[PDB]
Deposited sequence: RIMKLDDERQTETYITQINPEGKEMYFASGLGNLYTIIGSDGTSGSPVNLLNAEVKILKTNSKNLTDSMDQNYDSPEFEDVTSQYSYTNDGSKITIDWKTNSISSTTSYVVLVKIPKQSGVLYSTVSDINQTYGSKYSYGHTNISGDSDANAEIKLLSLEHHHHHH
């Protein structure tokens, strides 16, 4: 009934800087397309030392959901990281839980207008049938 999408910010502990004129780093979660409804999404934001990344309930993860907060208009969730620079030792984890819906969801580390940065997309569709054919995918180094 529910699906959870996990977005890790600065998963490899690098210096992430947005040139002056770009504004702060933001993370936008939504669906290019059919669209995925986000009005009933459960959102949690965690902060941790990048050295910890590769269970988000562990003491190594600090719940900062209230400190950063986020906007949600039903089709896009936006998080302001409050800075144009995230140090190599800083990482965040955004958990978005929504009713199981078929479709494509995307997450970014970009400017508020999505004209600069990086965008990852994840999708699942049932070709047809009621079989329990299932898989999980991901791109990793």
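J.: Would you flag the ranges of the deposited sequence that the structure leaves without C-alpha positions?
T.: According to the deposited record, C-alpha coordinates are absent for 1-9, 43-45, 67-71, 159-166, which together make up the missing parts.
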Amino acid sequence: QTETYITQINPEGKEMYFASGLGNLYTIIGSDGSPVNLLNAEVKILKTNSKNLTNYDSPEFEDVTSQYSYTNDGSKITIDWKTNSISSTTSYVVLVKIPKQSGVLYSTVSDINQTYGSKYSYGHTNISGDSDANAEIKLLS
From here on, numbers count along this sequence of modelled residues.
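J.: Do the CA atoms of 36-44 or those of 90-98 have the higher mean B-factor in the entry?
T.: Mean C-alpha B-factor is greater for 36-44.
J.: In the PDB record, does 117-125 or 12-20 carry the higher mean Cα temperature factor?
T.: Stretch with the higher mean C-alpha B-factor: 12-20.
J.: Among 4, 1, 7, 134, which residue carries the highest C-alpha B-factor recorded in the PDB entry?
T.: By C-alpha B-factor in the record, 1 ranks first.
J.: Using only the C-alpha B-factors in the record, can you name which of 65, 110, 72, 31 has the highest?
T.: If I rank 65, 110, 72, 31 by C-alpha B-factor, first place goes to 31.
J.: Taking the values exactly as deposited, rank residue 77 by C-alpha B-factor within its chain and report the matching third: lowest, middle or highest.
T.: It belongs to the lowest third of the chain when residues are ordered by C-alpha B-factor.
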